[PDB]
Structure formats: structure tokens, C-alpha cells
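Chain A is the first sequence line, chain B the second, and so forth, proteins listed ahead of strands; every chain is numbered from 1.
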Amino acid sequence: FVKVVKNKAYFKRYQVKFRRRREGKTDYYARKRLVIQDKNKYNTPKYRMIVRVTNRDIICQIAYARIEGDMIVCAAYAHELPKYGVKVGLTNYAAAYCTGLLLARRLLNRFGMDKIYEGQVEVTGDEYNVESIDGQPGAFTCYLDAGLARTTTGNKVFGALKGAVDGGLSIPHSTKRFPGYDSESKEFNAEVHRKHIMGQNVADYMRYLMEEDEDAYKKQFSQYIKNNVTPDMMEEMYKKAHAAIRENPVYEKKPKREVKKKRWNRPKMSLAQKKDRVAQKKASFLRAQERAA
Amino acid sequence: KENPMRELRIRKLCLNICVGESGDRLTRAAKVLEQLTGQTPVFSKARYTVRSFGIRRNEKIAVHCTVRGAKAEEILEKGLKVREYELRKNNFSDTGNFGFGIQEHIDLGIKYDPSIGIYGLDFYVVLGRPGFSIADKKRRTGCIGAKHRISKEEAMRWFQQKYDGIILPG
Amino acid sequence: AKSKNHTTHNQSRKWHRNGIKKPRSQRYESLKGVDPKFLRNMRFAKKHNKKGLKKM
Amino acid sequence: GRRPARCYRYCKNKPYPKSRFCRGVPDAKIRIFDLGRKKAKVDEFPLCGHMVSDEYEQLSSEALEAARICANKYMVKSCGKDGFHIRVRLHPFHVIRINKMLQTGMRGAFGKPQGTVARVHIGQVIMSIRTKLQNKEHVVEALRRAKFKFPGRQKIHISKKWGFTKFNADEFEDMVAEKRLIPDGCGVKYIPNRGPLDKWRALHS
Amino acid sequence: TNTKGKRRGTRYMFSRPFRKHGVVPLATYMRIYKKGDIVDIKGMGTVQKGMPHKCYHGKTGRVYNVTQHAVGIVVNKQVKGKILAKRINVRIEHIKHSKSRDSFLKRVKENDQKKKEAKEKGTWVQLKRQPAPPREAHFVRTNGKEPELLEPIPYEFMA
Amino acid sequence: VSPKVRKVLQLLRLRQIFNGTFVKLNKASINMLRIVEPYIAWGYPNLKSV
RNA sequence: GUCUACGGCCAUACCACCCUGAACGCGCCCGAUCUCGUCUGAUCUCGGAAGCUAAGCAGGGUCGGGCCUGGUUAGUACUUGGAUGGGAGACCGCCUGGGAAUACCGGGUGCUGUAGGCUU
RNA sequence: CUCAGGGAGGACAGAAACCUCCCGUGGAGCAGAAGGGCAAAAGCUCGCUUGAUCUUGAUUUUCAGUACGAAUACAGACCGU
RNA sequence: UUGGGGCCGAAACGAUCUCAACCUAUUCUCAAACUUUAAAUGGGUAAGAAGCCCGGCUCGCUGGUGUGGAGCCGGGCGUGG
Ligand SMILES: [Mg+2]
Ligand SMILES: [Mg+2]
Ligand SMILES: [Mg+2]
Ligand SMILES: [Mg+2]
Ligand SMILES: [Mg+2]
Ligand SMILES: [Mg+2]
Ligand SMILES: [Mg+2]
Ligand SMILES: [Mg+2]
Ligand SMILES: [Mg+2]
């Protein structure tokens, strides 16, 4: 035959990687540079905005790391958006912007910094960076943790960043990976960015599919017509969502209720059960031979 | 009743012509795949120089293309129309994948242009299941498991069932 | 005319005649070799410690 | 042709094997290490006798071959050519060096390779003969004749193991009959209770 | 004679342990070193910048200067008649908090607590570490069985 | 006399042959009397000996 | 009881095969007008929600391999210091202290930090 | 993005040209001698570049604790990405 | 899984011995320039008043935050650990 690679000597010398690397979730090469602090800063917290886009949700957190594991100081999710007004399309660019705005205003409400550093209330899509007013507490500085998302032009990890820096946080960035940047001429057009902030690219697709074929329209947008979301009112829907987010961004936890404490999985088998099972198997195997021989 | 997430589909169809020289032969052979598929193919170069075959290191040798979607179905049907819907037992691999080779590309149905001439090529069919993107997506890459794998015996049954072909022993 | 190349035979006995003494431990070691930015700011703090004397 | 064995007798230098640094070593004088009826099963040669070194010295490959030839040629005459198995359990891996005096004297006096010896400890088995229980005194006499080809002092010890194995002869037959040992040609395989049960079913079926 | 190379004879000294290669963990990055901390030095071959010399591997010193990625350590060095106080700039991966002073600090806080205690009660509690004394006189109960008689075993030539 | 042993024989104040001294016993003392073991003859004195 | 985002120590966590997954989630999945990128919307990016736990994932199993931790090996091998000990030597014994590692035989098969869910 | 190598397949194609699937803890590669180190990299391929620039001091290595060479932490600038 | 000799097959991954390369569990013997393990002896630090402890002040350094760090003063603890 051919020599088997995964022999006993293969597993004796095998060094596993880290658990998060084995699950694939964490780039430790980027983590070593995103997280650690200069040693002459002496346990000053180094914050980061984690933006993670799942299939049906957008998660925005802000974390700083100690020895025991990093501490989440504020978290904003995209499934909280039906409270604020938008119910359909919780995983697009406009929902990423609303999640970043939630995270920014919710952190400023925790630190008591709502009135100072309002941010860009009337959105334009331009390069906005908050400036620390002297005689006041300084602006919150954090850095984007894009993770393993490929940071090309038009990413929702940068939409959440635009939402945060319009909410009032100081995240250093350039306006190159925002949509509207023309790589042919190296110039950023802010009006195209404002369309993606207000979700007008989805509005054009709904109008396009409505004029092409109503069957493809109902296939692609089933919850839009179920919840009565039309391309003309999405603009004011996202404006009212922004207004409701900046009006009250404080998160109230859902009340935990008492549970009957049922076990859904299987408990681990004990030693005596494992010793008896193999004895029953051997006793069955000898009996099946003396009964068939 | 079988789980419809386990439906055995065609993932991709890989085509190449291995010419072995450089020059206008490669351009004509690439034009064959370009007018056959509708997409431009890509040139494949040599790994290292062997002096008995006339090839050199980093010299362009072959022309290959990959076809996915509903176009691969009709290109594969044009191939098995030439092959009379028969294959051998040795044309199926251990991983559930199968290919064959065709000697005159005109038999596809493509028209003869006197400047290009006659080339043969070979087709390879990469079957798949819904869920095979796990092994090559970037974020959380994982294995495919054992029950979800395609085998030689199950790929032969798929070919005999859907294309109504026959497997002659050899 | 070959001679001896190298040895350390009597050296450990020579070292212990006057003793192998640790360096002179003093309080207030020198700030020479400390990084210039923090050393520059410490001088500014020492320069203005006399400012809040009447409040102290 | 070569120097007497009293020169390269004691284990003075560090071990100096044939490797990518020490090249040009001539071939070892002993190449056949076990011989006789080496294609024999375990249960037919139960008696094992060892020649055991009592000293820490070097044994040359020429002496190893000269001893095993004498042991073979006595045991063939005594018990037949197919009634024994002799195994030399010492391989010559140390390389001794020769500094030829053609007149530079001791300038740059590092030796070129001369031959191969085996570094032998106290209590280490030199050769082992397995045969039936009736050929005990023939094994003792054959090893006593082979002691004269070696420097120093050796002892003769009839082992308590079953042949060329590591299991005791009083319990070997019971441990085979309980299927804890399986014959595997010259030696046996020990079957523990630690594998999957599908091998236990194949064992007991 | 030998060479004067910087990393001569560091083949096993600067090598990683078995099945402990690869990505360096981040807890040795996100821990805090201040001036006066007692630090032992252990060279790691994964990172090559800021490596201590081989004569400081296994030594212990005290931090005097802290930078962005490195700390400065005063290490005692035995040189040929005498001991010098060396000032070396070592990057943070080669650096570990020593636990030798930790037991002394836990004893200092225990001694201060035990001195605040028993001042209002008027008694006297031992604060010095006494060495291991001779054991006190005790009774050994041979309850039931007599002690087992041990004898030397005869020789067996198992060689 | 070895240097480590000379230092312990001076810390026991035994600088001359047939000198005697009283030493209280603990682990730190037994591990020094083990170092100076071939050069001394020590034991447990009687009350009349004291 | 358990999951998700981000982690700490990095196999008690890995590898092979099998079984089961309620709810939320994570996913597979459906598409390419817009952002973006390819020979190929397979990957990446984007817009979704018809179907499905099949796979990934979680839990569990295997007289499982590995790994971790013990016993045996064994006070053995080795070793600090000592003798006007033995031996022709090679080397060995004793006094004084310290003390390993295979084969072989048992047990175990991730703990946990912050934030947010489901089990109302 | 993943290498060395291997297995099973595919016209000419064979030991060895090219395509595809699977296994692959590094068995490859990192200019050279060897050793150490390294896998979403320090390897391979691309895009942009000149931190191979100017300027003080301090430190380590050889060491007399002197130089040269080489090296490590900073600080002041101007930059690249 | 290919071969070195075949042989009954004109022949077929057929009969069917075989010997070597290969594969799989075992086994004998080794390494100054091998190593999963791994001593004895040894090499560094610590075993306090230059330490703990509170309060206040300064900073152009560092920061969401009279945050963090460092330097200054003013006291209190002597069973001298
Ligand atoms: Mg990155
Ligand atoms: Mg001289
Ligand atoms: Mg010598
Ligand atoms: Mg798709
Ligand atoms: Mg699943
Ligand atoms: Mg299932
Ligand atoms: Mg097991
Ligand atoms: Mg948890
Ligand atoms: Mg990279």
C-alpha cells in the first residue's frame, strides 16, 4: 500500500493551534497589534470597536483587554432596531450605520457625555472627526476591529464606523473604504455614501425588480411587503430611526424569568457504566457464538 | 424520503487544452475555449524545465477554464453527447469526481474556422452538495464530515440516474 | 618553544583574597539612562512643585 | 595487518559512530548477526542461553565474527544445522582511529578510521542461543568455546525467559493459552486490554 | 579557541519548548511592569528584537526604566574579580514577574496584620521564621500486629 | 581544606584542631554539619559533659 | 441547562467514526441592480429570507489513537562529599546525603472572564 | 494564499508537462556554512513605496570593562504603508 | 502498489507459486556535533525602617474620566521580621 501519514508518531509530535484559531474566529496576528498597550502607558485601557456581521445580525461592541479576558463596556445589536423603527433588513449598510450610532450614543449616555460631542446630527456622508473641546472631558478614542472581513470599499464594518464617528466617537480613519470613493480617480463622492447610509441602493433595487417582474420582487423582498416598507418611505424611516436612537439610546435588559431547569443534552457516562457496557458486549458475543455454533 | 439538503449537484466543470508549446498555438487554443464558453480562459505555465518535452520554466503551456452554473450543464451535455453517455469504472475518482477526454473539439458543435484547426481537450466534473462552501469560506473554515462526502459508488449512481448513462467495466 | 596557552587555575583563589563584593547599594540611584520624554516631564514637575506651596 | 586488540580495549573516548562527519570507515567484519534456523516458531526453541559480559570494554567486530563462527560450527556438529538459533546482540558502532607514522611526529595527530568495535557494559548480553531443552549442555559448551575469542571475562547464563522473548517460561504457555500472547514468527505479540473491542472479537473468534 | 559570537551555544537555551512553538500568547504582552519590580530574564527565540545576551538568561534584576515595548533592568553580573550592576534593555517577551518577592510581601502583610492583632489582647505571637526544629517526643501505636520482620534477599544473577 | 568547608568551619568557630563548641540543632545546622562531616566529630552531650 | 460576540490559559480542548439536537442564535441556503472582485457572484463584497439541520457547530459514545495526571520501573540507573577500601587493571563494593527515564498498569477527556440571548 | 510529499482521477501524456479533488505540524521555503525561529507567516504572488534618510545622547556584545565592528531600547524631525 | 523468475493460459485486476522492493503491527542494537523525558552538584533574586501605610501638592508625560504614571511634602507604625 502507501504509508499512512496520521500514525501514532504524527499525533505525538502534533502541536495544536489556539482554540479561537482552530475555530477560525480570531486572527491573532492582527490581535497582537490591535489590543496591546505601550508599557509606559501603565494599564491605561486601550479600547476597540468590534463590528461583526453575521447572516442575520450586526453586532457592535467596545472592549478593552485584561489578563482574564477582555471587558465589554458597551454593546449594541441590530435586532434592537425594531424598537427604534426599522424592522426589515437588519444586516445591510443602513442597519450597520444605525448599530454604530446606537453604540456611540449608548456609550456617551453611560459616561454622561451626551451634550458634549453631539456629532453630526444632520448626516452628509463627509469626513467627520470629533474635536475635543478644551475645559471638557475628552472625546472617546477607540479603534476599529474589522476581524477577518475583507476590508474593501463599501464594507458594513466601515458603515458601523461611520455611524460611530457621526454619533460622536473619535475613531481615526480615511474616507477611502466608504462607498462613493471612485478608485478610478481617487476621489470620494459624499452623495453616493449618503445614499447607502439612507439605504437608497435597496430602494433602486426594489423599483428595478418591481418594473422587471413582480415574482422576483416578491421572492427577493418578502418581509418588505409584509411589513409595508416602500422605497419612498425608507428615507424617512431611517431618519426617524436615527432620531429615535439619539433621543433615547439607553438599553434596558429583558427580565430574566425562573426556569424549571430541564436538561436538553445528554450527561456524560460514568466509569462503572462504561465498564459494564463492555462486559455486556463480551458476554453477548460469547453467547452469540455458543448459540450459533 | 431523503433530505433535500443532500441533493447531489454539479459544483463546477473544469476544461483544459494542454498544448505544450508557446506562441500562436496557445492563442488559437485559448480562442477555442473563449468562443466555446463565453468567458476568457487563463493560461497555465510550467512548474519547471524538462528538456525532453521542449518546455521551459515559467513558460506558458496550457489553457484552462472553469465553468459554473447552468452553462456547465449544457457544456457537459454536449460532451456526453459525443461520449454516447457511457463511461468506464476507472473514470470516477475516490472522492466522487469524474472526468473524461475528447479528441476533436469540433464534435461539441463548434464550427470549424480554418485558421485555428483541430484540438482535443479534456473535461472534469466536480460534483458537490449544498454546504460544500464550508471548506473554502474565509471566516469559519471547517471540514465537511463523513456522512456528507461523495463516493465513487454514489457518483456512478448519480451519473446513471440523471444523465441516463451506462458504466462499462474496464 | 611551545608554552602554556590558557588556564584559570589560581584565579578563583585570587578573587577571594580581597573578596567578590556586590556593587555599592545606595538609595536614590541616578536617573541617567531613563527615557528623555518622561525625564523631561519629571523636571517640569520638579520645577513647579514650588507653585502650590501655600496651598500645601 | 592491524594492531593487536590490547590497544583498543577500554572505552576511553566518547562513542564515535559512522555518520556524516566520520566518513571513510571500512566495512565491519561481522555482517551476519543471527543464523541457524532463524525461521522457526516460538514454541519449539524454549531454552535460551546468554553470554554476558562482566567488564566494561570494547569488543572488536573481528572478535564478534570469530566467536559466532565458532559457536555456529560447534552447534551444527552438536545438535544439527536446524536445531538452534544463534543471535549476536552486539553491533559494532564505535569507530576506532589509526594515526600512521608513515616525519611530523604528533603534529596534527587525529586518526583516520581503522575499524569498528562495540561498546559493551557490565551485564550486557553478547550472544544468545535458543534451542530445545535437551541441548542445554551443548549451548553451554558452545558459549564456553566462544568465550576464548573475546578479551576479558564473560559468564554463561541460562535465562528464565522463553527463547528470544521477554516473558518467563513458567508462565509463557499459560499466557499463550489465555490468548494474551500471539505467536508472530520468531517472537510473540502481547495483547493488552486497551484496544477497541473489534480486535478482541477477532482475537476470540 | 572559541568564537566571540553573540548567540554561540544558545541552541537549546533560546529554543522553544516541545509543542510550544508558533504564536506567542498575549498575556505576556498585556501585563504591567513598573519601576522597582523584580523581574527574572528568560530569552525566547520566537522574537529576535530586544533579546538579552546569554549571560543574563536565568538571572534576576530590578526594573529602572519602562519604554513602549521594553523595560530596562539592573542585573548583577559576575566579571572575573567582582560583580557589576549592568543596565540592559530587554523587550517584553523575554520578561516575567518573579515570584520570589511575592512570598515576602504576603509575609509582610501577614506580619503587619498579626502585629495590629494581639496588641489589644496583650499576648506575644511569633513573627520570625524559625528553622525546622527537632521533632517533639511522641508515642507510636503498634496497635494489634507486631512489626514485620525484614531480611535481606538472596542474590539472583538476572544479567 | 576545601573553601566551602573552611567557611563553615569558621562559622562554627572551629579554627583549630581539637576545638569544641556547642551548637543548637535545626535543619540549617544539620545541613552545615553534613558539609563539615568528615572533618568533625560531633554528638549529643551529657549534662555531666556540659 | 445551553447558545452568540470578543477572549484568557492553549489537545483534559486535537484526530477518526457513530448517535442526538427543544427555543433563541450561529450557519447552510436564494440572488447579482447597487458597493466590490474574479477565467468562473465557487471565494470576497453586496441585497435578502423560500427551504433545511444534511453538513459546519454544540452535547454524548468508542475495553478508540493521542494528550494530561498517577503507580510500577526503583531507592534501580546516575550523582555531592570520604577512606593508607578491593582489584594487575578494567572497574566494583561500602560510608554520607540527593535521586531519574522507557516498556507495563490505572484514572480523566476542557476550566473560565465580560457583554447579550433562549430555556418566557 | 499555503508549502514538501503522497493518493485517486482526466485526449494525445508515458517515471516525469497541464487541470481537478482529498490527506498533508512543516517532512518545503526563508541568498550562503550550521544552529535557532517562523503557517490567515518571517514562506509564495501582487499593490504602493525608499525607515538602506537627518540628528543628539544612553545601553549590550568583545572587554582592561578601552576602542573598532555589530547590535538593543528611546528621544527630536521629516516620511513610507 | 508496481517488479526480478516464471508457469497453465495466444490472452483479460484470470489460475496461481514465488521472490525482492512497498505497507502494517512486532523485534535486536546505537548517537560529541540526535532527542520526547531528565537528575546530583550548581548559577541568579528575596528574607524590611532605602519597608509598609494614609492625606495633600506638581506635571508641558499619558489619558473617556482630579484616569494612569512619576516626583515632592506632611504625618503614623520598632517584636530591627
Ligand atoms: Mg488584517
Ligand atoms: Mg606563557
Ligand atoms: Mg581520548
Ligand atoms: Mg451563491
Ligand atoms: Mg448543523
Ligand atoms: Mg445529523
Ligand atoms: Mg484511550
Ligand atoms: Mg462563557
Ligand atoms: Mg500578512
Student: Taking 4.0 angstrom as the limit, do A:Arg48 and A:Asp70 come out as a salt bridge?
Tutor: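 So A:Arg48 pairs with A:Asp70 through a salt bridge.
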Student: If we take the P atom in both G:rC30 and G:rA50, what is their distance in whole Å?
Tutor: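 Here G:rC30 and G:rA50 have their P atoms 14 Å from each other.
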Student: Which word best sums up how the rings of A:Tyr47 and A:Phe140 line up, parallel for under 30°, tilted for 30 to 60°, or perpendicular for over 60°?
Tutor: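 Rings of A:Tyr47 and A:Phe140: tilted, 30 to 60°.
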Student: Look at the side chain of E:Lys6 and decide which nucleotide, out of H:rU20, H:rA71, G:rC44, has an atom nearest to it.
Tutor: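 Side chain of E:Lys6 sits closest to H:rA71.
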Student: Here's a test of your reading of the structure: between E:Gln78 and E:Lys35, which maps to the more 5' nucleotide of RNA chain I?
Tutor: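 The residue closer to the strand's 5' end, by nearest nucleotide, is E:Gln78.
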Student: Report the nucleotide, chosen from G:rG61, G:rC26, G:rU120, that has the shortest atom-to-atom distance to any side-chain atom of A:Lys260.
Tutor: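 Comparing G:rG61, G:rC26, G:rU120 against the side chain of A:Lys260, the answer is G:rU120.
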Student: Is a donor from one side chain sitting under 3.5 angstrom from an acceptor on the other, for A:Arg66 and A:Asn43?
Tutor: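 Side-chain D/A pair, A:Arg66 to A:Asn43: present.
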Student: Is A:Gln61 side chain donor-acceptor paired with the G:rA5 base, going by distance under 3.5 Å alone?
Tutor: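 It does, because a donor-acceptor pair links the side chain of A:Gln61 to the base of G:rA5 below 3.5 Å.
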Student: Between G:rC24 and G:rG110, do both key distances fall under 3.5 Å for a Watson-Crick or G-U wobble pair?
Tutor: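 In fact, G:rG110 forms no Watson-Crick or wobble pair with G:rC24 that has both distances under 3.5 Å.
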Student: If you take atom types as modelled and just measure distance, does the side chain of A:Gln220 reach the base of G:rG31 with a donor-acceptor pair under 3.5 Å?
Tutor: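 Answer is no: no donor-acceptor pair is held.
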Student: So E:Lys115, base contact, sugar-phosphate only, or nothing? Heavy-atom distance under 4.0 Å.
Tutor: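 E:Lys115: base contact, heavy atoms under 4.0 Å.
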Student: Show which side-chain atoms of residues 96-104 of chain B pair as donor or acceptor with protein atoms under 3.5 Å away, not counting sequence neighbours.
Tutor:
from    : atom 1 : to       : atom 2 : distance (Å)
B:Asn97 : OD1    : B:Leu127 : N      : 3.4
B:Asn97 : ND2    : B:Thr95  : OG1    : 3.0

Student: Base, sugar-phosphate, or nothing: which does E:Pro25 touch, judged by heavy atoms less than 4.0 Å apart?
Tutor: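 Result for E:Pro25 = sugar-phosphate.
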Student: With heavy atoms of chain C within less than 4.0 Å as the criterion, where does contact along RNA chain I begin and end?
Tutor: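 It runs I:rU45 to I:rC73.
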Student: According to the interplanar angle, ranging from 0 to 90°, do the rings of A:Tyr205 and A:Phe221 count as parallel (below 30°), tilted (30 to 60°) or perpendicular (above 60°)?
Tutor: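 The arrangement is perpendicular - the two ring planes meet at more than 60°.
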Student: Kindly indicate whether H:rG37 forms a Watson-Crick or G-U wobble pair with H:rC30, where both distances must fall under 3.5 Å.
Tutor: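 Yes, H:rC30 pairs with H:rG37, since both Watson-Crick or G-U wobble distances fall under 3.5 Å.
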Student: With a 4.0 Å cut-off, would you call A:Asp57 and A:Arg52 a salt bridge?
Tutor: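 No, this pair does not count.
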Student: Measure from the ring centre of B:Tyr124 to the centre of the six-membered ring in the base of H:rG9, then say whether that distance is under 5.5 Å and the planes meet at under 30°.
Tutor: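 One would not call B:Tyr124 stacked on the H:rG9 base.
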Student: Is there, by distance only and without an angle test, a donor paired with an acceptor across the side chain of D:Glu55 and the base of G:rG89 below 3.5 Å?
Tutor: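 Yes, the side chain and the base share a sub-3.5 Å donor-acceptor pair.
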Student: To the nearest Å, how far apart are A:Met71 CE and G:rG113 P?
Tutor: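 That distance rounds to 10 Å.
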Student: Side-chain N or O of E:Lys4 less than 4.0 angstrom from OP1 or OP2 on H:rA70?
Tutor: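 No, E:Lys4 has no side-chain N/O under 4.0 Å of OP1/OP2 on H:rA70.
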Student: Spell out yes or no: do the side chain of E:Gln48 and the base of H:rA42 have one donor N/O and one acceptor N/O closer than 3.5 Å?
Tutor: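 Indeed, a donor on one side and an acceptor on the other fall under 3.5 Å apart.
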Student: Which whole-number value in Å describes the distance from A:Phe18 CZ to G:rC6 P?
Tutor: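 For the pair A:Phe18 CZ and G:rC6 P, the rounded distance is 17 Å.
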Student: Examine G:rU109 and say whether its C1'-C2'-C3'-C4' torsion places the sugar north (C3'-endo side) or south (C2'-endo side).
Tutor: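 G:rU109 falls in the south pucker range.
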Student: Would you say G:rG107 has OP1 or OP2 under 4.0 Å from some side-chain N or O of A:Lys275?
Tutor: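 For G:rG107, OP1/OP2 do have a side-chain N/O of A:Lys275 under 4.0 Å.
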Student: Thinking salt bridges, do E:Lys109 and E:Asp112 make one under a 4.0 Å N-O criterion?
Tutor: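 Salt bridge absent between E:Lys109 and E:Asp112.
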Student: What nucleic acid atoms does E:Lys128 come within less than 4.0 Å of, heavy atoms only: base, sugar-phosphate, or nothing?
Tutor: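 Sugar-phosphate, backbone atoms only, no base.
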Student: On the side chain of A:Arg19, is there an atom forming a donor-acceptor pair with the base of G:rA11 - under 3.5 Å, no angle test?
Tutor: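 By the distance-only test, no, there is no pair.
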Student: From CD1 of F:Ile35 over to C1' of G:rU96, roughly how many Å is that when rounded to an integer?
Tutor: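 Roughly 13 Å, once rounded to whole Å.
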Student: Report the base-pairing partner of I:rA12 (Watson-Crick or G-U wobble, both distances below 3.5 angstrom), or none.
Tutor: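 Partner of I:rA12: none found under 3.5 Å.
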Student: Hey, is the side chain of A:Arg56 pairing donor to acceptor with the base of G:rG48 inside 3.5 Å?
Tutor: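 Side chain to base: no pair below 3.5 Å.
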Student: Between A:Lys25 and B:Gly101, name the one whose nearest nucleotide on RNA chain H is closer to the 5' end.
Tutor: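 Comparing both residues, the 5'-ward one is B:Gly101.
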Student: According to a 3.5 Å cut-off on both distances, are H:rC46 and H:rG69 Watson-Crick or G-U wobble paired?
Tutor: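 H:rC46/H:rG69: base pair absent.
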Student: On the nucleotide H:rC74, are OP1 or OP2 found under 4.0 Å from the side-chain N or O atoms that E:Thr67 carries?
Tutor: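 Yes.
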Student: Expressed in angstrom and rounded to an integer, what is the separation of A:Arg277 atom CZ from G:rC63 atom P?
Tutor: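 Rounded to the whole Å, the gap is 8 Å.
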Student: Say you pick atom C1' in H:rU2 and the same atom in H:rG29; how far apart are they, in whole Å?
Tutor: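 Result for the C1' pair: 11 Å, nearest Å.
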Student: From the options G:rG8, G:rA55, H:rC74, select the nucleotide whose nearest atom is closest to the side chain of C:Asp35.
Tutor: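 Of all the options, the side chain of C:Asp35 is nearest to H:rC74.
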Student: Please indicate the pucker of G:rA32, north or south, going by the torsion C1'-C2'-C3'-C4'.
Tutor: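 By the sign criterion, G:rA32 is south.
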Student: Which value, in whole Å, describes the distance between the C1' atoms of nucleotides H:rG10 and H:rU49?
Tutor: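 The answer is 45 Å between these two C1' atoms.
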Student: If I take atom CG from residue E:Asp40 and atom OH from residue E:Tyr56, how far apart are they, to the nearest 0.5 angstrom?
Tutor: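 So the gap between those two atoms works out to 16.0 Å.
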Student: Would you mind telling me which of H:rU62, G:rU119, G:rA55 lies closest to the side-chain atoms of B:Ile144?
Tutor: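 When the side chain of B:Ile144 is considered, G:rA55 is the closest of H:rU62, G:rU119, G:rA55.
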Student: Could you tell me how far apart D:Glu57 (CD) and G:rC92 (P) are, to the nearest whole angstrom?
Tutor: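 My rounded result for the distance is 13 Å.
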Student: Between B:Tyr48 (OH) and H:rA28 (P), how many Å, whole number?
Tutor: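 After rounding, the gap between these two atoms is 15 Å.
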Student: North or south for the sugar of G:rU69? Use the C1'-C2'-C3'-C4' sign convention, positive meaning north.
Tutor: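 North, since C1'-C2'-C3'-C4' is positive for G:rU69.
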Student: Select one nucleotide: of G:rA90, G:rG27, G:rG60, the one nearest the side-chain heavy atoms of B:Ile134.
Tutor: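 Minimum distance to the B:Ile134 side chain belongs to G:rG27.
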Student: Using the closest heavy atom to pick a nucleotide of RNA chain H for each, name whichever of E:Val90 or A:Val2 lands nearer the 5' end.
Tutor: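 Nearer the 5' end of the strand: A:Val2.
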Student: Whole angstrom is fine here: how far is it from CG in A:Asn92 over to P in G:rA32?
Tutor: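 From A:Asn92 CG to G:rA32 P: 19 Å.
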Student: Using the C1' atom on both, measure G:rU40 against G:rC9 and round to a whole Å.
Tutor: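 Result for the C1' pair: 44 Å, nearest Å.
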Student: Give a yes/no answer on whether the side chain of A:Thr26 brings an N or O atom under 4.0 Å of OP1 or OP2 in G:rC6.
Tutor: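 The answer is no; no side-chain N or O of A:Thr26 sits under 4.0 Å from OP1 or OP2.
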Student: Sugar at H:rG65: north or south, per the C1'-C2'-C3'-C4' sign?
Tutor: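 South is the answer for H:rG65, its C1'-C2'-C3'-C4' torsion being negative.
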Student: Which groove, major or minor, holds a base N/O atom under 5.0 Å from any side-chain heavy atom of A:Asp70?
Tutor: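 A:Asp70 reaches into the minor groove.
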Student: Between D:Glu55 and D:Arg9, does any side-chain N to carboxylate O distance fall below 4.0 Å?
Tutor: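 Salt bridge flag = yes for D:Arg9 with D:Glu55.
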Student: I'd like to know if G:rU45 pairs with G:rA32, where a pair means Watson-Crick or G-U wobble geometry with both distances below 3.5 Å.
Tutor: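 Result yes; both H-bond distances under 3.5 Å.
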Student: For D:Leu90 and D:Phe33, which heavy atoms make the closest approach, and how far apart are they?
Tutor: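 What the structure gives for the nearest pair is O-CE2, 3.2 Å.
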Student: OP1, OP2 of H:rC23 versus side-chain N and O of A:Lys6: anything below 4.0 Å?
Tutor: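 So the side-chain polar atoms of A:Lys6 never come under 4.0 Å of the phosphate oxygens OP1 or OP2 of H:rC23.
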Student: Separation of B:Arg11 atom CZ from G:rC29 atom P, in whole Å?
Tutor: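 B:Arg11 atom CZ is separated from G:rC29 atom P by 11 Å.
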Student: Categorise the sugar of H:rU2 by the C1'-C2'-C3'-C4' dihedral sign as either north or south.
Tutor: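 South.
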Student: When you measure from the side-chain N and O atoms of A:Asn55 to the phosphate of G:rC28, is any distance below 4.0 Å, counting only OP1 and OP2?
Tutor: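 A:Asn55 to G:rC28 OP1/OP2: side-chain N or O found under 4.0 Å.
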Student: Please tell me whether A:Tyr14 and E:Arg19 have a donor and an acceptor in their side chains that are separated by less than 3.5 angstrom.
Tutor: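 Note: A:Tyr14 and E:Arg19 side chains miss the donor-acceptor criterion.
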Student: Distance from A:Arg21 atom CZ to A:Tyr29 atom OH, nearest 0.5 Å?
Tutor: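 Going from the CZ atom of A:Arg21 to the OH atom of A:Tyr29 covers 14.5 Å.
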